Amino acid sequence: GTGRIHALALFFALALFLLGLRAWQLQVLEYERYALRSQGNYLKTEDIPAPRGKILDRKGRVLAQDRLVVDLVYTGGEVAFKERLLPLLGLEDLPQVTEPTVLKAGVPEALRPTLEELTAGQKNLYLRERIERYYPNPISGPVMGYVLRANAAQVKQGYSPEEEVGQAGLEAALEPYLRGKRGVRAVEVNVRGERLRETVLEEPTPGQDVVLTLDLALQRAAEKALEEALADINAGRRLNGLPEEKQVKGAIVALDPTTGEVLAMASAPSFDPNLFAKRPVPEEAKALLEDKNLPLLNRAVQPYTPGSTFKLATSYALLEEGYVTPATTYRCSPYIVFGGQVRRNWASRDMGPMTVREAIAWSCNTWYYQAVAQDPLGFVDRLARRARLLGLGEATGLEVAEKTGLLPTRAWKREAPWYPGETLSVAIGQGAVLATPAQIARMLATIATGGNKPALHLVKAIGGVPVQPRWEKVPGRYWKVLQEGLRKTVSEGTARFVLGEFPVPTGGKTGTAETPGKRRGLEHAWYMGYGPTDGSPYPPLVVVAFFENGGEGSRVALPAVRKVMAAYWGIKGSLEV
Amino acid sequence: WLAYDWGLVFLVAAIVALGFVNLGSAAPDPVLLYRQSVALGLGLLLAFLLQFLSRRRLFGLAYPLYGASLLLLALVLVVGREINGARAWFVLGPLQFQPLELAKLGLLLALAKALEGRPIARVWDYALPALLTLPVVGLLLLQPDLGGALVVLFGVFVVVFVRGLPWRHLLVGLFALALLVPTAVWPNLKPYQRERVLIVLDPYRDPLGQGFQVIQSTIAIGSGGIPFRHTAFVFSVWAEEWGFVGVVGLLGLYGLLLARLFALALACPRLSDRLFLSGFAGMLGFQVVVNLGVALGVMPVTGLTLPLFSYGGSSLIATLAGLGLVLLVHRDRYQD
Ligand SMILES: *C(=O)[C@@H](NC(=O)[C@H](N)c1ccccc1)[C@@H]1N[C@@H](C(=O)O)C(C)(C)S1
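Thresholds applied
Residues numbered from 1 in each chain as written, not as in the entry; some residues may be left out. Chains lettered and ligands numbered in written order. Heavy atoms only, no water. Residues with missing side-chain atoms left out of burial classes, pairs and counts. Salt bridge = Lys/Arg side-chain N within 4 Å of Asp/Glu carboxyl O. Helix = DSSP H or I, 4+ residues; strand = E, 2+ residues; numbered from the N terminus. Buried < 20%, exposed > 50% of the residue type's maximum accessible area, 1.4 Å probe, protein only. UniProt positions renumbered as here; feature names shortened; annotations may be inferred. Disulfide = S-S within 2.5 Å. Core = buried A, V, L, I, M, F, W, Y, C linked by side-chain atoms within 4.5 Å. Contact = heavy atoms within 4.5 Å. Nonpolar A, V, L, I, M, F, W, Y, C, P; charged D, E, K, R; others polar. Pairing = 2+ DSSP bridges. Axes fitted to C-alpha atoms, helices over the stretch in contact; angles between N-to-C directions. Near = heavy atom within 4 Å. Polar contact = N/O pair within 3.5 Å; in protein donor to acceptor, adjacent residues only side chain to side chain. Areas by Shrake-Rupley, 256 points an atom, 1.4 Å probe, with all protein chains shown as cover. Parallel < 35°, antiparallel > 145°, perpendicular 65-115°, else oblique.

Student: Hey, could you run me through the pattern of salt bridges in this one?
Tutor: Pairs may arise between side chains of opposite charge once their charged atoms sit close together. A full pass over the atoms with the stated rule returns 28 salt bridges over all chains. Between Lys224 of chain A and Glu228 of chain A there is a salt bridge, with the nearest N and O atoms lying 3.4 Å from each other. Of this pair, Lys224 of chain A and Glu228 of chain A both sit in helix α7 (residues 216-240), separated by 4 residues, roughly a single helical turn. Given the relative accessible area of 54%, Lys224 of chain A is considered exposed. Salt-bridge contacts for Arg55 of chain B lead to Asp273 of chain B; the nearest nitrogen and oxygen are separated by 2.5 Å. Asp273 of chain B sits in the buried class, given a relative accessible area of 1%. Taken together, the salt bridges that share partners define one network made up of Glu46, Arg185 and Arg195 of chain A.

Student: Any chance you could explain unusual backbone geometry here in plain terms?
Tutor: Leaving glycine out, the prevailing phi sign among residues is negative, and the prevailing peptide bond configuration is trans. In this model, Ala268 of chain A is joined to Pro269 of chain A through a cis peptide bond whose omega is 5 degrees. As for its position among the elements, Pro269 of chain A is in the loop between β14 (262-268) and α8 (273-278). A cis amide bond links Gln143 of chain B to the next residue, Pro144 of chain B, at an omega of -5 degrees. Residue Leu2 of chain B is not a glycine yet carries a positive backbone phi of 55 degrees. If you trace the backbone, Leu2 of chain B turns up in the segment before α1 (6-22). Here the phi dihedral of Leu308 of chain B falls at roughly 65 degrees; this positive angle occurs in a residue that is not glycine.

Student: Looking at this structure, I do not really get the UniProt feature "transmembrane region" (unreviewed entry) in chain B. What am I missing?
Tutor: Residue and element names in this part refer to chain B. The UniProt entry lists residues 36-54, 61-80, 148-165, 170-189, 242-263, 275-296 and 308-329 under the feature "transmembrane region" (unreviewed entry), expressed in the numbering used here. Here residues 61-80 runs as 90% helix and 0% strand, with 25 Å between its end C-alpha atoms. For residues 170-189, helix accounts for 95% and strand for 0%, while the C-alpha atoms at its two ends are 28 Å apart.

Student: Looking at this structure, how should I read the state of the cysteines?
Tutor: As used in these notes, a disulfide is a covalent bond between sulfur atoms, one from each of two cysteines. Residue and element names in this part refer to chain A. In total, this model carries 1 disulfide over all chains according to the counting rule given. With its sulfur 2.0 Å from that of its partner, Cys332 forms a disulfide with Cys364. Here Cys332 and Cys364 share a disulfide; its torsion about the S-S bond, 105 degrees, makes the bridge right-handed. Residue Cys332 is found in the loop between β15 (330-331) and β16 (335-337), and its partner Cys364 is found in the loop between α11 (356-361) and α12 (367-370); the two are separated by 32 residues along the sequence. Each member of the pair, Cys332 together with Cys364, is buried.

Student: I'm lost on the nonpolar core in this one. Help?
Tutor: Within soluble globular proteins, side chains that are nonpolar tend to cluster in buried spots. Of all hydrophobic cores here, the largest spans 96 residues; its most connected members are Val136, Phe235, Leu257, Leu261 and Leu308 of chain B. Dropping the residues within four chain positions of it, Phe235 of chain B is found in contact with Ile219, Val247, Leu250, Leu292, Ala295, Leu296 and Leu306 of chain B. Among the nonpolar cores identified, the runner-up in size contains 82 residues, and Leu214, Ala313, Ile336 and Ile360 of chain A belong to it.

Student: Got a minute to help me understand the side chain of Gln302 of chain A in this structure?
Tutor: Residue and element names in this part refer to chain A. Topologically, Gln302 is positioned in the loop between α9 (283-289) and α10 (311-320). Looking at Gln302, the relative accessible area reads 19%, which means it is buried. With residues near it in sequence (within four places) discarded, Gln302 still touches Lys403, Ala435, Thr436 and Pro437.

Student: Looking at this structure, I do not really get the interface of chain A and chain B. What am I missing?
Tutor: The accessible area lost on association of the parts is a frequent measure of interface size. Each partner contributes residues to the interface: chain A has 32 residues there, and chain B has 42 residues. Contributing elements (two or more residues each) for the side of chain A that touches chain B: α1 (3-29), β1 (42-47) and β11 (195-202) of chain A. The leading source of residues in the side of chain A that touches chain B is α1 of chain A, at 17 residues. Here the side of chain A that touches chain B is composed, by residue class, of 18 nonpolar, 8 polar and 6 charged.

Student: I would appreciate a short explanation of the sheet that holds strand β22 (residues 525-530) of chain A in the present structure.
Tutor: Whenever strands of a sheet pair, they do so through backbone hydrogen bonds, lying parallel or antiparallel. Residues and elements named next belong to chain A. Spatial ordering of the open sheet is given by β14-β13-β23-β22-β21, a layout of 5 strands whose pairing is antiparallel. Sheet topology places β14 and β21 (507-511) at the edges, where each strand pairs with a single neighbour. The average angle at which neighbouring strand axes cross in this sheet is 5 degrees, direction not considered. In terms of strand pairing, strand β13 (residues 250-255) meets strand β23 (residues 542-547) through 6 bridges, oriented antiparallel. Across the sheet, residue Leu255 finds its bridge partner in β23, namely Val542. Docked against the sheet, helix α17 (residues 480-491) engages β21 and β22, running at close to 70 degrees with respect to β21.

Student: Help me understand the pairing of β14 of chain A in this model?
Tutor: On a regular strand, each side chain points to the face opposite its neighbour's, so the side chains alternate between the two faces of the sheet. The buried fraction of β14 of chain A is high, at 7 of 7 residues. Here β13 of chain A hands over to β14 of chain A after 6 residues, with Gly260 of chain A in that stretch at a positive phi of 70 degrees.

Student: Mind showing me how you'd approach the site of the ligand here?
Tutor: Residues and elements named next belong to chain A. Taken together, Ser308, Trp346, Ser363, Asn365, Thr510, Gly511, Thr512, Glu514, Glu523 and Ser554 make up the full set of residues near the ligand. Between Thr510 and the ligand, the recorded distance is 2.2 Å, taken from a side-chain N or O atom to an oxygen atom. Notes on the ligand: free accessible area 480 Å², of which the protein chains cover 80%. Split by residue class, the shell around the ligand holds 1 nonpolar, 7 polar and 2 charged.

Student: Quick question: what am I supposed to make of the packing of helix α5 (residues 99-114) of chain B against helix α6 (residues 127-141) of chain B here?
Tutor: Residue and element names in this part refer to chain B. Taken N-terminus to C-terminus, the directions of α5 and α6 make an angle of 175 degrees; their axes are 10 Å apart at the nearest point. The orientation of α5 relative to α6 falls into the category roughly antiparallel. Here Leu100, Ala103, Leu107, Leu111 and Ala114 of α5 lie close against α6, whose contacting residues are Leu128, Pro129, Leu132, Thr133, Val136 and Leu140. Considered class by class, the residues forming the contact of α5 with α6 number 10 nonpolar, 1 polar and no charged.

Below, the structure written as structure tokens:
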């Protein structure tokens, strides 16, 4: 009945001993950390800014960073040694203003040493330093993205207003990895009021550098190839009578089918990430947010109508379910009657007997009408089974925010009421088979590798840790048939004139999507294309280009892929020198 | 009868002496030194009046004081004054009173008179003290007062740790309660609350913990010879000016203080005197190791002052009145 009290007496004795040991730590072991120079000098504590991480692609080219911003501010209006300053600054006069004003913003690395000798440490002339995110090699905004200061709702989450929060598609995913620890320091201030000794109380972590799988070479070509499509988009819309609609609505994705790395992704109309960053309140960026178009959204991850690109998966679901052998016989007629209305073909005359390889080649629509007419009610559900197996329904695993790709099933139509005539339109991609260019690029990469369904990831390594790519295999009994039909499209189908004489043997399939708005002749320009179908010493590559309402995928999207493919394999043009 | 322990009175007198000396620089407002001096006069006069009472009459009002303290803890949330985001004071002009002081001095008597019987160590051992403790802490968390609630729970723990001692069942009970409650509060905690709690653990966040971080640097100024508040940080002001050879002097007096309080707790043969003096020395020592821990940057901030060393309108009187009850039950440890 007494020993428990002896323990409490021993407890508080060892408790006050630990406090005494804690004080002795600060008093004796840390007195060199709080010296005051034998004077009545006070101590001021200031936090250290956090160096945000550097975003660079492979091969080491920096894409995002942040350095100092040197500015010249002066108050009062004293000349000092201005006989040298006026020619150096090129102002020829000192504008006398009452409030502090800035002269020559963004002092270069050569002018700053010359100014520092002329600063003389005087009260009027000083050089303020600032932190701002700098993009040396700007990449399309909707992929790369921008940076803003901490929002009022974000301040309550432990954010300092000087911190930089990234709403970017890429810089939001990397924000937990790019942010550094905002350290805290303390400096002894003399009675006069100057810095004496700095004291690091919390070391600022300089953030982590992320290595992307993007190639700055292919990235320039991707954004470049979007602009020449406008000349083709306006040319196509000219034959229809529609206005020139000079806006370049579309995106493009180029990735490696083997390692699952994405090499080039660009959307349009992109913006400049340097606008939101360095400028305090850029008025041009405020108009970008209120834009009637979508200059910020990444059209590579947004759902659109795939069109004839989806028929490549319809043939996959047709071969795996056992509907058609790889050597079936169907004549590509000009017209087909499902039973209620007449299914129209893209052409107007008889094409001839075709197989699965020939149907993919010339992109015959009447093939997928006769074949689905056998079992139109059960194939639609099995179609989405294989479609989601190829990577069309589920996400792609991209770090950037991605939208949901909708695949139609009988259960979905019940919760949206089903009619049998919807399967043929769903088979080609008309029945709200919403897909994204990212998901579309993955579907082709699966067929290119012959089973492997890799995950799309922009990041190659965070910090120094190489991110391993995750794979997944799909049950495909007949892969070569699809691969042959894809090159048969380049060899003899739609891409005959662009890529027929091309050096690298390419395969792919063109695509146009009757827009649900009016169906007036301006479809969605689509084209997919994977790398060397033959054992040619060229690294594999998959490219998919999309354009909103561009129309004529063979005339707009197909050359856009030829440009990116030429930039990847280094295909020389008219260079006889 | 002059049968007290003058060693305990000299230790209290030496600490309150350095308290008035340290308040000479910490808030040198002469108006504050007046209200502190008149507080010591009433704090010593009240203890002198409490000596005109018997121990039987003291424990005779255990349940009356506990029942009256619950009426004030339920009334302070209606006609009280909000000083720092919580109503926990009764100020009618020249009056200054806190119901939490009566709750501690009332629960120690009530839980001692109650636990003098047999505690069913099987299951319902913790049932009786929990039935008397939760109504007190429950009316304190609705102020809110987290620091004052921890002093109550620690004192109740000390009372149970002297009589009950369910060591095998108590530790396993705490480990389970310390893992289920955070697993329930953390998901339901708001981001404004989640970051607030995380800042309490790691104090390196300037917009709120700059002064509390400055305290760590303020204490280490002098060795061998602006803070937020004087009240909640008397130690930082005193430790900064007096170096390290002084800090051991204040830690020594508080170390000798909690020693004699436990030593005089052992001299009493009765169990209720064993429980009362243990809970009092537990509650008093708990604030010290917590207050000094906040200043030294070890214990999380709870908003408690240094007893017998801080500025208190009534906290000095209530602490002296508590010591008067300590000296009361010690000269009455033999007689019935
Ligand atoms: C898709 O499998 C084919 N048809 C369509 O995309 C559209 N239903 C269509 C648009 C315009 C005229 C007729 C049909 C092929 N997609 C186009 C393409 O490969 O670029 C096609 C029109 C040449 S045929």
